[PDB]
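Visitor: The structure under discussion is supplied below as structure tokens; questions concerning it will follow.
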6 protein chains.
Amino acid sequence: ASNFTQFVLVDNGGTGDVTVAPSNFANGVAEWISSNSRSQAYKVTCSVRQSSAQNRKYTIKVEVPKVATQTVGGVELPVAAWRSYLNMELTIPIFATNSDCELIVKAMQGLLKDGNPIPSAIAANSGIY
Amino acid sequence: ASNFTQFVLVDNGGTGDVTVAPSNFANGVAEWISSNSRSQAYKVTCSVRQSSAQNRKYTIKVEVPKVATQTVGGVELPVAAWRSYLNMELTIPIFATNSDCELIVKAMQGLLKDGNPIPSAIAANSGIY
Amino acid sequence: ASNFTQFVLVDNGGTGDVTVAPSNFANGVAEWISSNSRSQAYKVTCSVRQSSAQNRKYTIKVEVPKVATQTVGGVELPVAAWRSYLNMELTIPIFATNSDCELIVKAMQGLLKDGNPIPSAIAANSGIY
Amino acid sequence: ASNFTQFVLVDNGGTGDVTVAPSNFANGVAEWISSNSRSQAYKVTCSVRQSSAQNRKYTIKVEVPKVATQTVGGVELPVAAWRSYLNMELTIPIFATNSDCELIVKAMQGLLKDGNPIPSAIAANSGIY
Amino acid sequence: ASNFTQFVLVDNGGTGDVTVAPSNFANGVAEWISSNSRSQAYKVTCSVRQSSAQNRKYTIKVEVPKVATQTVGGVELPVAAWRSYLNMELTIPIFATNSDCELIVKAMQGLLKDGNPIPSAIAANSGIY
Amino acid sequence: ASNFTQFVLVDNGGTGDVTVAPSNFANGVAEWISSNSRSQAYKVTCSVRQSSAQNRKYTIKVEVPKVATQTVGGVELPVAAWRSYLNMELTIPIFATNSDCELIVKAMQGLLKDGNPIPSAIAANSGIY
RNA sequence: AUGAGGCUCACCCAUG
RNA sequence: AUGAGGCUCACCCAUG
RNA sequence: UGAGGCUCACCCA
RNA sequence: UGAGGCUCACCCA
């Protein structure tokens, strides 16, 4: 058993799919990275800690890079023109059962489901209106 | 046109579906709340601001309550035994096109897709392993 | 292979069996918990360390809870009336072969076998006499 | 009901079985040892005390010898190279009933049952993976 | 794509082959060891980390036992007289692509190929001359 | 004999093969470089030292460059965009015979053999999972 | 000596 | 390191 | 704690 | 900035 495995971060059908694979798990911080130049890679990190007596707290991070080539003095390197940073923290009381978590997850999936307000706004450089 | 509308936060097929509807949009902070007692309601807030010169930054929040009845002196009130707090911040450079955002969104949808590491861990009071 | 799998902690003839599963491997400490709220779960943790230049030390910890339903602030919460803690440390020389280690496991199995002195005293709230 | 009697520590199905028998009872600390020189014997000690006002605590200790290349009766130094030490401490709240204690024994039996992670990792000089 | 599997460390054409298999994964440091007491086993550990902002670094460690006059299972001291230690550190800039990395692996394969200086000097207790 | 000879560092089916040759033995450090400008050359260095009273230590270093053509001061110069560094130290007891040393070489050859875990992770920019 | 310490890589650091 | 030291249990204490 | 900031497991009030 | 905390658009280093 193990969930620290390779998975599809971006789904482009079956071709162009961005896959992220395990890379390091030091200090309680699991890290996934896509293939090729670390400089142009997608990155996902996750960790859980007992934030307070009654709370456990997940801290997840995602990085989406803008793949580009940097030329300098005629020396071209694979870099990331820029990066987009996702950064969430989920807090769950110790009284939550597996059923309660399953709900908390369905909530997060719904929040971003296609067509709903928030993901629709983000995908259009827009806000709410 | 408008995206500040009612939407399904939790999808339980077609029955038990948690729907959240607009409630207030003051100070650039859009807010959605489920029906019935505000005390046991789901809550979603979202806002966008120009964080720096080159960055725009979304700040999204979700609250999942544990619906319960509080009895005191024989007076029972609808309350929330506890609450789970989602709290994300997404940063996107001003050079991102609509195509780049569409990707950033597909990344977030994949992160939480059923069966993948992170949502699977959360739904089981577990961490990575 | 991979030995980080779920297993039956308390065997009750396939009915009322407390089965524990992998839940976290952060910081080199493997963890298993039962399908309960993290506040009423059985918990087993294991970890191996090269304690000395010529030794290895396994540290195993097991928590058995007495589940209950406390009514705090006039609200019902799943909780543990009390917990029983098992803490064991096994130190094995590096010179011990596999057939030497198999011998240690067998000793620990026979120690707690039904009907033998120790598990007999424990289960009857008495000492050895 | 005297439960201080000899028992089988290592069971090899009749042939090659290791029997441990009463050898000392000084200070309420019962001791069982095999029929060997004390430097190569299997030893088991066990005692109970009221650790604190809320708990009771069993302290069980097992010493198992390294047999591969052992020289029966001979002098083998350094001693730490030829012995593995087990060290258990079971804490049980004063509210635990006989039935509660039986469950705590079952939990310990299951922990070490054949084919489960822990006893499998140990018997192979491995950790969890 | 799980690449953490058993493999052949010492190949003697089928007969007398030394297989090393997964034995630990604590702290993201994967460990492989042969079927021996830990004092005489072949051991392999490997990990990756972002050494600096510009680099990534693999730290591979191999422990190989002295076999001539070895006493299988026995206690052999001093330990430093019966073990050879390998210690590799591969630094790879973040700009290196998969293809670049393949070439770096080929470079390492060639370094140690049969009949080349280095592996020839080592296998004969010699230096370069 | 004399083992200080040239050899193939990177094998590309006799075409595009990076062959390295002896270039310096000053200060007890044998050196090999490729037929390039000293600024874009592959470099391999080896040296043996009687580190301890009972040990010998081989220190091997390999540099793999990413050749490029920088335009400094408006002039074209052959240079290295970046370098990848391999640094290995092998410590072998003086008691190790030739057949013991041959065993070490074979272990290091199998470690990097195509298809095995480590060279597989390295060539795909990932860790072991 | 030891470090899953660091480098622009036969150098630097920490510890002991 | 060692403790038939302690806990609300991957923490605290004592000694050395 | 923050609709505090970042070159993102860092920094700030 | 933080794998800083919360009763969650607040507070902290």
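The chains in the structure tokens are called A, B, ... from first to last as shown; in each chain the residues are counted from 1, and the ligands are counted from 1 in the order shown.
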Report, to one decimal in Å, the C-alpha RMSD of chain E against chain A after an in-order least-squares superposition over all those atoms.
Guide: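 C-alpha RMSD after optimal superposition stands at 3.4 Å.
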Visitor: Give the residues of chain F that lie within 12 Å of chain A; count only C-alpha atoms, and format the answer as a ChimeraX atom specification.
Guide: /F:66-82,121-129
Visitor: With N, CA and C atoms retained, could you export that selection as an mmCIF file, in the first residue's frame?
Guide:
```
data_model
loop_
_atom_site.group_PDB
_atom_site.id
_atom_site.type_symbol
_atom_site.label_atom_id
_atom_site.label_comp_id
_atom_site.auth_asym_id
_atom_site.auth_seq_id
_atom_site.Cartn_x
_atom_site.Cartn_y
_atom_site.Cartn_z
ATOM 1 N N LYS F 66 27.570 20.909 -20.534
ATOM 2 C CA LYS F 66 26.540 21.217 -21.508
ATOM 3 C C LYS F 66 27.193 22.307 -22.355
ATOM 4 N N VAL F 67 27.792 21.907 -23.476
ATOM 5 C CA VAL F 67 28.484 22.850 -24.353
ATOM 6 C C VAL F 67 27.597 23.893 -25.013
ATOM 7 N N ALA F 68 28.128 25.103 -25.103
ATOM 8 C CA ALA F 68 27.410 26.212 -25.703
ATOM 9 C C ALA F 68 28.393 27.237 -26.269
ATOM 10 N N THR F 69 27.865 28.262 -26.928
ATOM 11 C CA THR F 69 28.713 29.286 -27.517
ATOM 12 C C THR F 69 28.273 30.665 -27.038
ATOM 13 N N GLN F 70 28.887 31.132 -25.962
ATOM 14 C CA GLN F 70 28.535 32.427 -25.413
ATOM 15 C C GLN F 70 29.169 33.564 -26.189
ATOM 16 N N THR F 71 28.452 34.684 -26.265
ATOM 17 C CA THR F 71 28.914 35.871 -26.986
ATOM 18 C C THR F 71 29.238 36.995 -26.000
ATOM 19 N N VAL F 72 30.415 36.882 -25.390
ATOM 20 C CA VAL F 72 30.914 37.847 -24.397
ATOM 21 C C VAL F 72 31.696 38.999 -25.045
ATOM 22 N N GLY F 73 31.394 40.228 -24.626
ATOM 23 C CA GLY F 73 32.074 41.378 -25.199
ATOM 24 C C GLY F 73 31.935 41.387 -26.720
ATOM 25 N N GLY F 74 30.781 40.929 -27.211
ATOM 26 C CA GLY F 74 30.537 40.900 -28.644
ATOM 27 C C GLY F 74 31.459 39.967 -29.411
ATOM 28 N N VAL F 75 31.954 38.938 -28.722
ATOM 29 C CA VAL F 75 32.857 37.955 -29.330
ATOM 30 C C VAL F 75 32.416 36.531 -28.979
ATOM 31 N N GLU F 76 32.476 35.631 -29.957
ATOM 32 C CA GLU F 76 32.072 34.245 -29.727
ATOM 33 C C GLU F 76 33.138 33.370 -29.053
ATOM 34 N N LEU F 77 32.785 32.786 -27.907
ATOM 35 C CA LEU F 77 33.689 31.920 -27.157
ATOM 36 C C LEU F 77 33.047 30.570 -26.851
ATOM 37 N N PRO F 78 33.822 29.469 -26.953
ATOM 38 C CA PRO F 78 33.293 28.132 -26.661
ATOM 39 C C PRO F 78 33.257 28.067 -25.142
ATOM 40 N N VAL F 79 32.112 27.694 -24.596
ATOM 41 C CA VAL F 79 31.971 27.667 -23.157
ATOM 42 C C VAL F 79 31.023 26.547 -22.709
ATOM 43 N N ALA F 80 30.770 26.464 -21.408
ATOM 44 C CA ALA F 80 29.871 25.447 -20.875
ATOM 45 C C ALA F 80 28.679 26.127 -20.200
ATOM 46 N N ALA F 81 27.476 25.861 -20.704
ATOM 47 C CA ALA F 81 26.267 26.463 -20.153
ATOM 48 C C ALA F 81 26.117 26.088 -18.690
ATOM 49 N N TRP F 82 26.484 24.855 -18.376
ATOM 50 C CA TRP F 82 26.453 24.345 -17.010
ATOM 51 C C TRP F 82 27.181 23.011 -16.964
ATOM 52 N N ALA F 121 15.594 6.323 -12.339
ATOM 53 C CA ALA F 121 15.049 7.518 -11.723
ATOM 54 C C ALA F 121 15.834 8.719 -12.200
ATOM 55 N N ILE F 122 17.155 8.593 -12.192
ATOM 56 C CA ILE F 122 18.022 9.677 -12.608
ATOM 57 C C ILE F 122 17.700 10.153 -14.012
ATOM 58 N N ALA F 123 17.562 9.210 -14.934
ATOM 59 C CA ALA F 123 17.299 9.549 -16.324
ATOM 60 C C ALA F 123 15.901 10.074 -16.615
ATOM 61 N N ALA F 124 15.041 10.092 -15.609
ATOM 62 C CA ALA F 124 13.688 10.568 -15.825
ATOM 63 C C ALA F 124 13.357 11.734 -14.915
ATOM 64 N N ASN F 125 14.383 12.286 -14.279
ATOM 65 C CA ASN F 125 14.200 13.411 -13.372
ATOM 66 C C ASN F 125 13.180 13.108 -12.275
ATOM 67 N N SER F 126 13.344 11.986 -11.587
ATOM 68 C CA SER F 126 12.421 11.656 -10.513
ATOM 69 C C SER F 126 13.151 10.980 -9.379
ATOM 70 N N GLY F 127 12.421 10.705 -8.311
ATOM 71 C CA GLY F 127 13.013 10.039 -7.173
ATOM 72 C C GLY F 127 12.591 8.586 -7.218
ATOM 73 N N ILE F 128 12.850 7.866 -6.137
ATOM 74 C CA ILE F 128 12.468 6.466 -6.080
ATOM 75 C C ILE F 128 11.116 6.339 -5.387
ATOM 76 N N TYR F 129 10.162 5.726 -6.069
ATOM 77 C CA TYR F 129 8.843 5.562 -5.491
ATOM 78 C C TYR F 129 8.233 4.247 -5.958
#
```
Visitor: Just the strand (DSSP E) stuff from chain C, please, per backbone DSSP, written as a PyMOL selection string.
Guide: chain C and resi 7-10+18-24+30-34+43-49+55-72+75-93
Visitor: Determine which residues of chain F sit within 9 Å of chain G, taking into account only C-alpha atoms (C1' of nucleotides), and present them as a PyMOL selection string.
Guide: chain F and resi 29+45+61+63+85+87
Visitor: Please produce a file of those selected residues containing N, CA and C atoms, as an mmCIF file, in the first residue's frame.
Guide:
```cif
data_model
loop_
_atom_site.group_PDB
_atom_site.id
_atom_site.type_symbol
_atom_site.label_atom_id
_atom_site.label_comp_id
_atom_site.auth_asym_id
_atom_site.auth_seq_id
_atom_site.Cartn_x
_atom_site.Cartn_y
_atom_site.Cartn_z
ATOM 1 N N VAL F 29 47.133 12.988 -8.613
ATOM 2 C CA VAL F 29 45.755 12.979 -9.065
ATOM 3 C C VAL F 29 45.749 12.716 -10.556
ATOM 4 N N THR F 45 38.769 12.567 -12.827
ATOM 5 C CA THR F 45 39.969 12.562 -12.006
ATOM 6 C C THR F 45 39.853 11.461 -10.985
ATOM 7 N N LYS F 61 36.111 11.721 -9.479
ATOM 8 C CA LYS F 61 35.275 12.870 -9.804
ATOM 9 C C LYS F 61 35.097 12.938 -11.319
ATOM 10 N N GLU F 63 33.076 15.231 -14.505
ATOM 11 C CA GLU F 63 32.348 16.444 -14.861
ATOM 12 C C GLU F 63 31.754 16.296 -16.246
ATOM 13 N N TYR F 85 28.150 17.413 -11.820
ATOM 14 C CA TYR F 85 29.273 16.817 -11.115
ATOM 15 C C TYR F 85 29.018 15.509 -10.401
ATOM 16 N N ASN F 87 30.710 12.910 -7.813
ATOM 17 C CA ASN F 87 31.769 12.836 -6.819
ATOM 18 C C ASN F 87 31.601 11.574 -6.009
#
```
Visitor: I need the alpha helix (DSSP H) residues of chain C per DSSP on the backbone, written as a ChimeraX atom specification.
Guide: /C:98-111,117-122
Visitor: For the residues in that selection, give me N, CA and C atoms as a tab-separated table (two decimals), in the first residue's frame.
Guide:
```
chain	number	residue	atom	x	y	z
C	98	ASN	N	18.55	-13.53	9.59
C	98	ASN	CA	17.11	-13.59	9.42
C	98	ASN	C	16.51	-14.70	10.29
C	99	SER	N	17.19	-15.84	10.31
C	99	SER	CA	16.72	-16.96	11.10
C	99	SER	C	16.85	-16.64	12.58
C	100	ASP	N	17.60	-15.59	12.91
C	100	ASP	CA	17.75	-15.19	14.30
C	100	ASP	C	16.60	-14.29	14.62
C	101	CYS	N	16.22	-13.48	13.64
C	101	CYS	CA	15.13	-12.55	13.82
C	101	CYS	C	13.83	-13.28	13.84
C	102	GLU	N	13.71	-14.33	13.04
C	102	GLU	CA	12.48	-15.09	13.01
C	102	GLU	C	12.24	-15.67	14.38
C	103	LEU	N	13.33	-15.96	15.07
C	103	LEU	CA	13.28	-16.53	16.40
C	103	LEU	C	12.74	-15.53	17.41
C	104	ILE	N	13.03	-14.25	17.20
C	104	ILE	CA	12.55	-13.23	18.10
C	104	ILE	C	11.05	-13.08	17.94
C	105	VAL	N	10.58	-13.06	16.69
C	105	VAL	CA	9.16	-12.91	16.45
C	105	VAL	C	8.40	-14.05	17.10
C	106	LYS	N	8.88	-15.27	16.92
C	106	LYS	CA	8.23	-16.42	17.51
C	106	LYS	C	8.17	-16.37	19.03
C	107	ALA	N	9.16	-15.74	19.65
C	107	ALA	CA	9.19	-15.64	21.09
C	107	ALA	C	8.10	-14.69	21.53
C	108	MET	N	7.97	-13.58	20.82
C	108	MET	CA	6.96	-12.58	21.14
C	108	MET	C	5.56	-13.07	20.86
C	109	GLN	N	5.42	-14.04	19.97
C	109	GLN	CA	4.10	-14.57	19.66
C	109	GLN	C	3.70	-15.53	20.75
C	110	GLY	N	4.66	-16.32	21.21
C	110	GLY	CA	4.38	-17.28	22.26
C	110	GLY	C	4.17	-16.62	23.59
C	111	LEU	N	4.77	-15.45	23.77
C	111	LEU	CA	4.64	-14.72	25.02
C	111	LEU	C	3.19	-14.37	25.30
C	117	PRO	N	0.83	-17.61	30.95
C	117	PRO	CA	0.87	-16.69	32.10
C	117	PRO	C	0.57	-15.21	31.89
C	118	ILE	N	1.44	-14.50	31.19
C	118	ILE	CA	1.26	-13.07	30.99
C	118	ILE	C	-0.08	-12.62	30.41
C	119	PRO	N	-0.48	-13.12	29.23
C	119	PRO	CA	-1.78	-12.63	28.76
C	119	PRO	C	-2.92	-13.05	29.69
C	120	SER	N	-2.68	-14.06	30.52
C	120	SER	CA	-3.70	-14.54	31.45
C	120	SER	C	-3.88	-13.60	32.63
C	121	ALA	N	-2.77	-13.05	33.11
C	121	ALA	CA	-2.81	-12.13	34.24
C	121	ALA	C	-3.41	-10.82	33.78
C	122	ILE	N	-2.94	-10.33	32.63
C	122	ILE	CA	-3.41	-9.08	32.09
C	122	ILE	C	-4.92	-9.06	31.92
```
Visitor: Calculated over only C-alpha atoms (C1' of nucleotides), which of the candidates A:18, A:112, A:96, A:62 has the smallest distance to chain I?
Guide: A:62
Visitor: Name the residues in contact with region 50-58 of chain B at a cut-off of 8 Å, using only C-alpha atoms (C1' of nucleotides), excluding same-chain residues fewer than 2 positions from it; report them as a PDB file with N, CA, C and O atoms (P, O5', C5', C4', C3', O3' and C1' of nucleotides), in the first residue's frame.
Guide:
```pdb
ATOM      1  N   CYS B  46     -15.141  34.615  -2.144  1.00  0.00           N
ATOM      2  CA  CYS B  46     -14.116  34.738  -3.161  1.00  0.00           C
ATOM      3  C   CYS B  46     -13.858  36.198  -3.501  1.00  0.00           C
ATOM      4  O   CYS B  46     -14.773  37.014  -3.471  1.00  0.00           O
ATOM      5  N   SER B  47     -12.613  36.530  -3.814  1.00  0.00           N
ATOM      6  CA  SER B  47     -12.275  37.899  -4.171  1.00  0.00           C
ATOM      7  C   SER B  47     -10.973  37.926  -4.955  1.00  0.00           C
ATOM      8  O   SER B  47     -10.161  37.012  -4.838  1.00  0.00           O
ATOM      9  N   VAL B  48     -10.784  38.971  -5.757  1.00  0.00           N
ATOM     10  CA  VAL B  48      -9.579  39.114  -6.568  1.00  0.00           C
ATOM     11  C   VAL B  48      -9.030  40.516  -6.421  1.00  0.00           C
ATOM     12  O   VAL B  48      -9.791  41.486  -6.436  1.00  0.00           O
ATOM     13  N   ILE B  60      -9.880  32.423  -1.965  1.00  0.00           N
ATOM     14  CA  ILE B  60     -11.127  31.670  -1.823  1.00  0.00           C
ATOM     15  C   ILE B  60     -11.242  30.976  -0.466  1.00  0.00           C
ATOM     16  O   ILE B  60     -10.249  30.494   0.065  1.00  0.00           O
ATOM     17  N   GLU B  89      -5.317  30.489  -1.826  1.00  0.00           N
ATOM     18  CA  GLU B  89      -4.882  31.722  -2.460  1.00  0.00           C
ATOM     19  C   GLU B  89      -4.204  31.344  -3.762  1.00  0.00           C
ATOM     20  O   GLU B  89      -3.224  30.612  -3.760  1.00  0.00           O
ATOM     21  N   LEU B  90      -4.719  31.844  -4.873  1.00  0.00           N
ATOM     22  CA  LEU B  90      -4.147  31.532  -6.166  1.00  0.00           C
ATOM     23  C   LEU B  90      -3.535  32.782  -6.764  1.00  0.00           C
ATOM     24  O   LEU B  90      -4.214  33.799  -6.877  1.00  0.00           O
ATOM     25  N   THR B  91      -2.258  32.718  -7.133  1.00  0.00           N
ATOM     26  CA  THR B  91      -1.581  33.869  -7.725  1.00  0.00           C
ATOM     27  C   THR B  91      -1.331  33.642  -9.202  1.00  0.00           C
ATOM     28  O   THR B  91      -0.798  32.607  -9.582  1.00  0.00           O
ATOM     29  N   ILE B  92      -1.714  34.613 -10.031  1.00  0.00           N
ATOM     30  CA  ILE B  92      -1.519  34.519 -11.474  1.00  0.00           C
ATOM     31  C   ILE B  92      -0.949  35.820 -12.040  1.00  0.00           C
ATOM     32  O   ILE B  92      -1.503  36.896 -11.822  1.00  0.00           O
ATOM     33  N   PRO B  93       0.183  35.735 -12.761  1.00  0.00           N
ATOM     34  CA  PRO B  93       0.852  36.884 -13.370  1.00  0.00           C
ATOM     35  C   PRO B  93      -0.064  37.509 -14.401  1.00  0.00           C
ATOM     36  O   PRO B  93      -0.941  36.838 -14.934  1.00  0.00           O
ATOM     37  N   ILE B  94       0.138  38.786 -14.703  1.00  0.00           N
ATOM     38  CA  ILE B  94      -0.713  39.463 -15.674  1.00  0.00           C
ATOM     39  C   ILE B  94      -0.429  39.049 -17.112  1.00  0.00           C
ATOM     40  O   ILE B  94      -1.137  39.456 -18.027  1.00  0.00           O
ATOM     41  N   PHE B  95       0.591  38.228 -17.313  1.00  0.00           N
ATOM     42  CA  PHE B  95       0.938  37.788 -18.652  1.00  0.00           C
ATOM     43  C   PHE B  95       0.216  36.510 -19.050  1.00  0.00           C
ATOM     44  O   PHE B  95       0.413  35.992 -20.152  1.00  0.00           O
TER      45      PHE B  95
ATOM     46  P     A I   3      -7.851  37.206   4.552  1.00  0.00           P
ATOM     47  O5'   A I   3      -8.012  37.855   3.105  1.00  0.00           O
ATOM     48  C5'   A I   3      -6.888  38.119   2.267  1.00  0.00           C
ATOM     49  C4'   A I   3      -7.261  39.165   1.246  1.00  0.00           C
ATOM     50  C3'   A I   3      -7.676  40.497   1.858  1.00  0.00           C
ATOM     51  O3'   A I   3      -6.567  41.394   1.900  1.00  0.00           O
ATOM     52  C1'   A I   3      -9.456  39.635   0.578  1.00  0.00           C
ATOM     53  P     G I   5      -1.474  40.537  -0.500  1.00  0.00           P
ATOM     54  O5'   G I   5       0.107  40.535  -0.678  1.00  0.00           O
ATOM     55  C5'   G I   5       0.777  41.679  -1.189  1.00  0.00           C
ATOM     56  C4'   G I   5       2.261  41.427  -1.262  1.00  0.00           C
ATOM     57  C3'   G I   5       2.684  40.152  -1.967  1.00  0.00           C
ATOM     58  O3'   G I   5       2.611  40.217  -3.385  1.00  0.00           O
ATOM     59  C1'   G I   5       3.847  40.298   0.057  1.00  0.00           C
TER      60        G I   5
END
```
Visitor: Using only C-alpha atoms (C1' of nucleotides) and a cut-off of 12 Å, which residues of chain J sit close to chain B? Please list them as a PyMOL selection string.
Guide: chain J and resi 6-9
Visitor: Keeping N, CA and C atoms (P, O5', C5', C4', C3', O3' and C1' of nucleotides), export the residues of the selection given above as a PDB file, in the first residue's frame.
Guide:
```
ATOM      1  P     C J   6      -5.374  26.286  14.150  1.00  0.00           P
ATOM      2  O5'   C J   6      -6.515  27.253  14.685  1.00  0.00           O
ATOM      3  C5'   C J   6      -6.694  27.457  16.085  1.00  0.00           C
ATOM      4  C4'   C J   6      -7.555  28.669  16.316  1.00  0.00           C
ATOM      5  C3'   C J   6      -8.897  28.594  15.619  1.00  0.00           C
ATOM      6  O3'   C J   6      -9.817  27.851  16.413  1.00  0.00           O
ATOM      7  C1'   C J   6      -7.882  30.669  15.129  1.00  0.00           C
ATOM      8  P     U J   7     -11.005  27.031  15.705  1.00  0.00           P
ATOM      9  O5'   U J   7     -12.161  28.129  15.539  1.00  0.00           O
ATOM     10  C5'   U J   7     -13.441  27.788  14.993  1.00  0.00           C
ATOM     11  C4'   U J   7     -14.482  28.837  15.343  1.00  0.00           C
ATOM     12  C3'   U J   7     -14.320  30.238  14.750  1.00  0.00           C
ATOM     13  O3'   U J   7     -15.615  30.817  14.541  1.00  0.00           O
ATOM     14  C1'   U J   7     -14.269  30.372  17.110  1.00  0.00           C
ATOM     15  P     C J   8     -16.098  31.238  13.053  1.00  0.00           P
ATOM     16  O5'   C J   8     -14.781  31.795  12.339  1.00  0.00           O
ATOM     17  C5'   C J   8     -14.429  33.175  12.413  1.00  0.00           C
ATOM     18  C4'   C J   8     -13.564  33.562  11.229  1.00  0.00           C
ATOM     19  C3'   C J   8     -14.128  33.277   9.837  1.00  0.00           C
ATOM     20  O3'   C J   8     -13.620  34.258   8.936  1.00  0.00           O
ATOM     21  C1'   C J   8     -12.105  32.092  10.122  1.00  0.00           C
ATOM     22  P     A J   9     -14.613  35.313   8.231  1.00  0.00           P
ATOM     23  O5'   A J   9     -13.601  36.298   7.509  1.00  0.00           O
ATOM     24  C5'   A J   9     -12.398  36.699   8.154  1.00  0.00           C
ATOM     25  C4'   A J   9     -11.829  37.887   7.444  1.00  0.00           C
ATOM     26  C3'   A J   9     -12.854  38.993   7.242  1.00  0.00           C
ATOM     27  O3'   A J   9     -12.168  40.228   7.238  1.00  0.00           O
ATOM     28  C1'   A J   9     -12.189  38.160   5.145  1.00  0.00           C
TER      29        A J   9
END
```
Visitor: One decimal, in Å: what's the spacing between CA of residue 26 (chain C) and CA of residue 30 (chain A)?
Guide: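 Distance reported for this atom pair: 8.3 Å.
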Visitor: Tell me, in Å to one decimal, how far CA of residue 11 (chain D) is from CA of residue 42 (chain D).
Guide: 13.1 Å
